[PDB]
Structures are given as C-alpha cells and as structure tokens.
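Below, in structure tokens: the form deposited in one PDB entry, a single chain.
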C-alpha cells in the first residue's frame, strides 16, 4: 500500500536531481549517497534542517525518465569513504566533495510520459520533468509525482519513519 509512503512525504520538500549519466545514479542506489554542486549543496543543507523529509527525485539527462527517489538522512559531509563519481566535463571532484547520506524510497523508473499532467509552480508551471539540477518542486506537485512511481516492494519505510 501507500500509507507509510504518504506519511513520509507529509510536509516534505522535493528537489529535482539531474545526473549526466546512469553510472552516478547506480552508484547512489548501491551506496546510499549523493553529491551535488556547491550551489545545490547549500540549498539541500538548508532544506534538511527546515523540513521533516527532503526528497530527491532523480533523472538521468536524455533518458526521458526518472530513476527513483530518496530521502536525505544527513546534511552533506566531507572526508568519508571516497565515491568514484563520473565527473562532468569541467572542474574536478573537489566540487562534488560534500556527500549526503540518502535512504531510497523507490528505485523504480517512471517515464516522463506519465508525469505530463504535473506542472511545477516554482518553475513557471512548466512540466515537472523540466528543470535544472537542484530545482525545487512545490509540495503538491512533488507529492503527486512521487505517488505516480510504481511501488517498490523491496523497500520497508518503517526504518525511515523512525529517522524522522
């Protein structure tokens, strides 16, 4: 069912995360971590302190899909185990240095064709698939987007609820 999912999403904040490649999303799904540009890292750290759940909704550029969504379980931290991200053309790993811990809520994909009816007020009411990396998604749009994903029966949200 969807009741624990709705509980986790209650009063949450939502951010669109754009990866240039599948490799980084696969690494994030395997290791429970994410890193972003410093401009976005500052926004996510502020959001983590301000809301009961901060949700990252992932999309690999040019894939036409979202690849899942996850909840921040920490602010960003440096000096942990290194993560072998595939780095965009220009600038090095010092940029992607802050590491957030995340708990996956859904590792299933959702094609953009299924979210065409959702627009994001914080991006000019453009379709929610449209947005830069780090674009915040308004509460109602983000909740409905997450509820469109196929259920991920491998996930138990009991442990996430306890972290709140």
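Definition used throughout: the rigid core is the maximal C-alpha set that superposes within 1.5 Å between two forms. Residue numbers count along the first chain shown, from 1.
Below, we refer to the form deposited in another entry, which is not included among the displayed structures.
- With the core held fixed by superposition, the comparison between the shown form and the other one singles out 95 as the only member of 139, 130, 95, 118 whose CA moves by at least 2 angstroms.
- Relative to the superposed core, residue 32 shifts its CA atom by less than 2 Å between the shown form and the other one.
- Between residue 123 and residue 39, the C-alpha separation grows by 3 Å or more in the other entry, relative to the conformation displayed.
- The pair residue 79 and residue 100 is at least 3 angstroms closer at the CA level in the other entry than in the present model.
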